[PDB]
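Q: Before I ask anything, let me first share the structure, which is written out below as structure tokens.
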Amino acid sequence: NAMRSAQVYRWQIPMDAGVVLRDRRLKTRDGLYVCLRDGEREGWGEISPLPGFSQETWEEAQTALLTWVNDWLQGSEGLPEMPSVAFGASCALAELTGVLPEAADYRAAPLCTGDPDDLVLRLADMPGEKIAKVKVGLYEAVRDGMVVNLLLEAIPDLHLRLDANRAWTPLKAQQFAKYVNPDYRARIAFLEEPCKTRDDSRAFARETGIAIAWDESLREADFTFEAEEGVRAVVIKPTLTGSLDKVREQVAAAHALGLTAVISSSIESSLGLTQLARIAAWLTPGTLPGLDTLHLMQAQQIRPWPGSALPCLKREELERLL
Ligand SMILES: [Cl-]
Ligand SMILES: [Cl-]
Ligand code: NA
Ligand code: NA
């Protein structure tokens, strides 16, 4: 189409030392961007499969994105199934049509990074609603239970999101719970995927009174949105999910069941994170998104996250594929 043109960029962002995912060292974050133009209209997307979580590799995503772009340029925008590519391409399309609103709040649940005191100091005097995120299942269960307990004790109105990524056996999950004072358990907003199996996670929720959330379950073939005793939320990671339309359908299905839906990071670059902030403000206006992952990186690119002190690279500094 005479009116259409596109650009594709490839990049690698250095990570801070000490970032681990499913027994892996994420030394750099590797990804792609697409920039679509149709007349005076422009739209961007991020295509960044996450090692150990995405089925597709960076290299596979690159090929799929390029071939999708080739078709789009010729007037065919049907999206591929590959989730990171479907997500990025769909965001670019949504930006071209103005469907993705410009607005964002740019606030996220702060992520604990090994210093609960700092987290306490940061939240203890924050006016309004206090929500934070603690990763669990990396250290031994006793440690996690004590940390969670101390934080809840330190700030009486703090609500914690906990993320286990299916780390625990039923025994370890019970060991974690025993260190959390029952008087404080109601202030665990949710514990994402405590156990290795979903049935064990549900049993844990019912036994302990600690609310749970689904995250990786949503990407399993069998997944059905269900209201269930103990289940309070779902975590939706668009890069691992697919198109913006699919993300919308999932948010809607969760809300229709009274479940909280959290728009969440797959460690995207700043560009993708700002888009997730817009998606969250639009589709989940009442729910703080899980986007506090930028500080794990050494640079921003193209669009900065407001308030980040990290340097921001311009597009001219990235490797251009198309
Ligand atoms: Cl290549
Ligand atoms: Cl730029
Ligand atoms: Na636009
Ligand atoms: Na999670």
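By convention here, the chains of the structure tokens are called A, B, ... in the order presented, each chain's residues are numbered starting at 1, and ligands are numbered starting at 1 in the order presented.
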Enumerate the residues of region 42-214 of chain A with a DSSP assignment of alpha helix (DSSP H), computed from the backbone, and present them as an MDAnalysis selection string.
A: chainID A and resid 58:73 83:97 116:124 141:154 170:178 198:208
Q: With only C-alpha atoms counted and 7 Å as the cut-off, give the residues of region 44-75 of chain A in contact with region 239-243 of chain A, each with its shortest interatomic distance in Å and the pair that gives it, as JSON lines.
A:
{"residue": "A:48", "atom": "CA", "partner": "A:239", "partner_atom": "CA", "distance": 7.0}
{"residue": "A:49", "atom": "CA", "partner": "A:239", "partner_atom": "CA", "distance": 6.8}
{"residue": "A:54", "atom": "CA", "partner": "A:240", "partner_atom": "CA", "distance": 6.0}
Q: Could you save the residues just selected, with C-alpha atoms, as a PDB file, in the first residue's frame?
A:
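Just written: result11.pdb:
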ATOM      1  CA  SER A  48      10.074  -9.424  23.571  1.00  0.00           C
ATOM      2  CA  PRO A  49       9.620 -13.096  24.350  1.00  0.00           C
ATOM      3  CA  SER A  54       7.619 -17.756  26.282  1.00  0.00           C
TER       4      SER A  54
END
Q: Mind giving me the straight-line distance from CA of residue 223 (chain A) to CA of residue 204 (chain A) in Å, one decimal?
A: 19.5 Å
Q: Using only C-alpha atoms, which of A:111, A:313, A:61, A:253 sits nearest residue 81 (chain A)?
A: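 Among A:111, A:313, A:61, A:253, it is A:61 that comes nearest to residue 81 (chain A).
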Q: Enumerate, in order of chain and increasing residue number, the residues of region 60-117 of chain A with an atom no farther than 6 Å from region 275-298 of chain A, each with its shortest atom pair and distance in Å to one decimal, counting only C-alpha atoms, as CSV.
A:
residue,atom,partner,partner_atom,distance
A:103,CA,A:278,CA,5.8
A:104,CA,A:278,CA,4.6
A:106,CA,A:277,CA,5.8
A:108,CA,A:289,CA,5.2
A:109,CA,A:290,CA,5.7
A:110,CA,A:292,CA,5.9
Q: Go through the chains and note each residue within 7 Å of ligand 3, using only C-alpha atoms and all ligand atoms, then give the set as a ChimeraX atom specification.
A: /A:41-43,95-98
Q: How about saving the chosen residues, N, CA, C and O atoms kept, as a PDB file, in the first residue's frame?
A:
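out_9.pdb, written as the output of this step:
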ATOM      1  N   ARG A  41      -0.316   8.821  10.345  1.00  0.00           N
ATOM      2  CA  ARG A  41      -0.490   7.978  11.523  1.00  0.00           C
ATOM      3  C   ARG A  41       0.745   7.115  11.802  1.00  0.00           C
ATOM      4  O   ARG A  41       1.391   6.639  10.878  1.00  0.00           O
ATOM      5  N   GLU A  42       1.069   6.945  13.083  1.00  0.00           N
ATOM      6  CA  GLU A  42       2.205   6.126  13.513  1.00  0.00           C
ATOM      7  C   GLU A  42       1.766   5.266  14.693  1.00  0.00           C
ATOM      8  O   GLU A  42       0.828   5.627  15.418  1.00  0.00           O
ATOM      9  N   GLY A  43       2.424   4.127  14.863  1.00  0.00           N
ATOM     10  CA  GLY A  43       2.140   3.228  15.975  1.00  0.00           C
ATOM     11  C   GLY A  43       3.325   2.319  16.248  1.00  0.00           C
ATOM     12  O   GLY A  43       3.955   1.823  15.312  1.00  0.00           O
ATOM     13  N   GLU A  95      -2.273   1.810  18.315  1.00  0.00           N
ATOM     14  CA  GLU A  95      -1.722   3.155  18.323  1.00  0.00           C
ATOM     15  C   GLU A  95      -2.058   3.877  17.007  1.00  0.00           C
ATOM     16  O   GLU A  95      -2.359   5.063  17.021  1.00  0.00           O
ATOM     17  N   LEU A  96      -2.003   3.168  15.883  1.00  0.00           N
ATOM     18  CA  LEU A  96      -2.362   3.765  14.586  1.00  0.00           C
ATOM     19  C   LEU A  96      -3.806   4.244  14.565  1.00  0.00           C
ATOM     20  O   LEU A  96      -4.095   5.330  14.067  1.00  0.00           O
ATOM     21  N   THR A  97      -4.712   3.436  15.103  1.00  0.00           N
ATOM     22  CA  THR A  97      -6.140   3.793  15.119  1.00  0.00           C
ATOM     23  C   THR A  97      -6.562   4.672  16.306  1.00  0.00           C
ATOM     24  O   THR A  97      -7.682   5.203  16.325  1.00  0.00           O
ATOM     25  N   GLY A  98      -5.684   4.815  17.296  1.00  0.00           N
ATOM     26  CA  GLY A  98      -5.980   5.601  18.495  1.00  0.00           C
ATOM     27  C   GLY A  98      -6.840   4.859  19.512  1.00  0.00           C
ATOM     28  O   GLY A  98      -7.377   5.463  20.451  1.00  0.00           O
TER      29      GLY A  98
END
Q: Taking only C-alpha atoms and all ligand atoms into account, list the residues no farther than 10 Å from ligand 2, as an MDAnalysis selection string.
A: chainID A and resid 301:304 312:318
Q: Residues within 6 Å of ligand 4 (only C-alpha atoms and all ligand atoms), as a VMD selection string?
A: chain A and resid 163 165 192 215
Q: Save out the residues we just selected, N, CA and C atoms, as a short mmCIF file (atom, residue, chain, number, x, y, z; two decimals), in the first residue's frame.
A:
data_model
loop_
_atom_site.label_atom_id
_atom_site.label_comp_id
_atom_site.auth_asym_id
_atom_site.auth_seq_id
_atom_site.Cartn_x
_atom_site.Cartn_y
_atom_site.Cartn_z
N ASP A 163 4.31 -13.50 45.11
CA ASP A 163 4.44 -14.25 43.86
C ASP A 163 5.40 -15.41 44.04
N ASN A 165 5.35 -18.29 41.78
CA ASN A 165 5.65 -18.98 40.52
C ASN A 165 5.75 -20.51 40.70
N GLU A 192 0.27 -15.46 44.33
CA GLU A 192 0.24 -16.02 42.98
C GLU A 192 0.86 -17.42 42.94
N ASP A 215 -1.55 -17.06 37.48
CA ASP A 215 -0.66 -16.34 36.59
C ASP A 215 -0.28 -17.30 35.47
#
Q: Please extract the residues of region 234-313 of chain A with a backbone DSSP assignment of strand (DSSP E or B) and present them as a ChimeraX atom specification.
A: /A:234-236,260-264,290,297,300-301,312-313
Q: Give the residue list for ligand 1 at 10 Å, counting only C-alpha atoms and all ligand atoms, as a PyMOL selection string, sorted by chain and then by residue number.
A: chain A and resi 10+59+62-63+321
Q: Suppose we keep N, CA and C atoms; can you now write the selection as a PDB file, in the first residue's frame?
A:
ATOM      1  N   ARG A  10      15.981  -4.172  16.452  1.00  0.00           N
ATOM      2  CA  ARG A  10      16.429  -5.261  17.303  1.00  0.00           C
ATOM      3  C   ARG A  10      17.303  -4.676  18.403  1.00  0.00           C
ATOM      4  N   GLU A  59      14.790 -15.117  18.240  1.00  0.00           N
ATOM      5  CA  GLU A  59      15.034 -15.382  16.824  1.00  0.00           C
ATOM      6  C   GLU A  59      13.768 -15.787  16.053  1.00  0.00           C
ATOM      7  N   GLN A  62      11.594 -12.743  15.750  1.00  0.00           N
ATOM      8  CA  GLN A  62      12.108 -11.842  14.720  1.00  0.00           C
ATOM      9  C   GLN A  62      11.567 -12.226  13.339  1.00  0.00           C
ATOM     10  N   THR A  63      11.686 -13.502  12.993  1.00  0.00           N
ATOM     11  CA  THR A  63      11.201 -13.992  11.704  1.00  0.00           C
ATOM     12  C   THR A  63       9.692 -13.782  11.535  1.00  0.00           C
ATOM     13  N   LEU A 321      16.486  -3.452  11.496  1.00  0.00           N
ATOM     14  CA  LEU A 321      16.318  -4.619  10.611  1.00  0.00           C
ATOM     15  C   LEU A 321      15.602  -4.235   9.326  1.00  0.00           C
TER      16      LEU A 321
END
